[PDB]
């Protein structure tokens, strides 16, 4: 099937790190990717960061500091997306 999924929510105020609302593998990982696509939640394949977030980020908490830069790169990607 397929291995890892992590769902993030960007902070309520625009200037704080995002939080994990959901993570899983692999049935669970699949079922998150599914609900996301169903609800038009942007989904990026970035296998190194997904395994990392999945390993280290706690659900309901702010992502860890080791992963800010990388999750900020995912955000720039979400901005690229908002233009066709």
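Positions refer to the first chain, counted from 1.
Going by the entry's values, 15 shows the largest Cα B-factor out of 22, 15, 74, 63. In this PDB entry, residue 56 carries a Cα temperature factor that places it within the highest third of its chain's modelled residues. Residue 50 sits in the middle third of its chain by CA B factor, as recorded in the PDB entry. Ranked against the other modelled residues of its chain, the C-alpha B-factor of residue 27 as given in the entry falls in the highest third.
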